[PDB]
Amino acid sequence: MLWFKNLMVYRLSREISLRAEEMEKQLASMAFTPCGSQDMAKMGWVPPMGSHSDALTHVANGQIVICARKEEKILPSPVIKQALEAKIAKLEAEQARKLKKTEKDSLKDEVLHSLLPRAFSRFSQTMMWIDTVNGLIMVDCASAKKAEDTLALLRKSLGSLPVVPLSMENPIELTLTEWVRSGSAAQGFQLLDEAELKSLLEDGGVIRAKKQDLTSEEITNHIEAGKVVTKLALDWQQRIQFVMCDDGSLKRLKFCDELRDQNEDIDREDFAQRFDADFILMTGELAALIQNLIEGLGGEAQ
């Protein structure tokens, strides 16, 4: 399998009509289909398991994983910009004076209808894990908008999907700054070597530190002047490193060799059982990180 690289977490508002044999059925109708030559972008469900399965969901232990594929046309803004000018300059190559607003909404779409068919595609695929035990959904993506596009896709397949982001009692920057300031992260977590420190004032001073000793007074000074820690590298139990972000997100997930290789003795042949072992392993482990991290950051606002 492919492990999460990044994480946006959501609380699902106290259950879904999740009958997984009708879940599969609802996702089936939004399975992925490729773009027609006038489509910009399509999106839809694919097998979390690959060519190796036809199933749109995988379930193991009240954990569901689902996969969203996106196809986007490679049509750069400078390419369209020139096509248009070339033709807007060609009227005028026989009597100048251009004009005007809803004129080159018609001209602009000739170029789009014209260029669109030849445009190549770019592919993206986002995995999404739903923990029915914790009532939480984890999206393997680096941006809020990408996680919101998959959630909307999901909520369209299923009708309603009331999620919110996790919101903490204490602000994150302020819990992060005190871990650095006191020289120790909350129980479970340890401080690595990478941080972002911002002044409280737009325009007052941003410090990005890498491969640096954080509990050192070089860093201390920054906090002591008014800066707050807005991104902190963390290691949980010798087993999972990540950047904690002040917006509640986890960037650049790294799983230790020992979890990655844990199931090395599975034939290298049955992909369905390798995915099965790896999935139960990843989700129990991220689940237990999340529970501990909520608590290290001082608890959810209730």
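Position 1 is the first residue in the sequence shown; the rest follow in order.
- Stretches compared: 83-91, 189-197. Higher mean C-alpha B-factor in the entry: 83-91.
- For the pair 266-274 and 57-65, the record assigns the higher mean C-alpha temperature factor to 266-274.
- Note on the listed residues 109, 131, 224, 169: the highest Cα temperature factor in the record is that of 109.
- For the set 136, 228, 147, 115, the PDB entry assigns the largest Cα B-factor to 115.
- In this PDB entry, the Cα temperature factor of residue 127 sits in the middle third of its chain's modelled residues.
- Residue 178: CA B factor lies in the lowest third for its chain, per the PDB record.
- For residue 70, the recorded CA temperature factor ranks within the middle third of the chain's modelled residues.
- Placement of the Cα temperature factor of residue 38 within the chain: highest third of the modelled residues, per the deposited record.
- Residue 78: CA B factor in the highest third of modelled residues in this chain (values from the PDB entry).
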